[PDB]
Amino acid sequence: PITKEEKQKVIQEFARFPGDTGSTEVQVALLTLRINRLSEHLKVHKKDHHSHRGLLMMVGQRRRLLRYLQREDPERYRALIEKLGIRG
């Protein structure tokens, strides 16, 4: 859950563009946070069959991100995956 300084934390961590508030980094960050949140949501929501309803779209955009993120900046590939925590 974000807050005033949590926003500042997310922005100082991820977004570093002329508009570091709605930058790709923060949006993929929120896309990944949404996936995680929704997965823990679905682990409670047993009433929601056809699960991963809109999570498949995000998983798809996350795997599509490969030839986009890495291509428009080689550092952003490896460093946004570092930021998100895809390194493990």
# chains A, B, ... in the order shown; residues from 1 in each chain; ligands from 1
>>> residues_around(residues="residue A:8", least_positions_apart="6", cutoff="12 Å", atoms="only C-alpha atoms", output="PDB file with C-alpha atoms, in the first residue's frame")
ATOM      1  CA  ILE A   2       1.408   3.327  -1.066  1.00  0.00           C
ATOM      2  CA  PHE A  14      11.817   3.231 -10.527  1.00  0.00           C
ATOM      3  CA  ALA A  15      10.868   6.231 -12.699  1.00  0.00           C
ATOM      4  CA  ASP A  20       9.088  10.253 -13.594  1.00  0.00           C
ATOM      5  CA  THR A  21       5.633   9.698 -12.263  1.00  0.00           C
ATOM      6  CA  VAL A  26       6.647   2.650 -12.562  1.00  0.00           C
TER       7      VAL A  26
END
>>> residues_around(residues="residue A:24", least_positions_apart="6", cutoff="12 Å", atoms="only C-alpha atoms", output="number ranges by chain")
A: 11, 14-18, 30-32, 62, 65, 68-69, 72-73, 76-77, 80
>>> residues_around(residues="residue A:36", least_positions_apart="5", cutoff="12 Å", atoms="only C-alpha atoms", output="list in words")
residues 29, 30, 31, 41, 42, 43, 52, 55, 58, 59 and 84 of chain A
>>> closest_residue(among="A:25, A:1, A:78, A:54", to="residue A:38", atoms="only C-alpha atoms")
A:54
>>> select_by_dssp(residues="chain A", states="alpha helix (DSSP H)", output="PyMOL selection string")
chain A and resi 4-13+24-42+55-64+66-69+74-84
>>> atom_distance(atom1="atom CA of residue A:35", atom2="atom CA of residue A:51")
12.0 Å
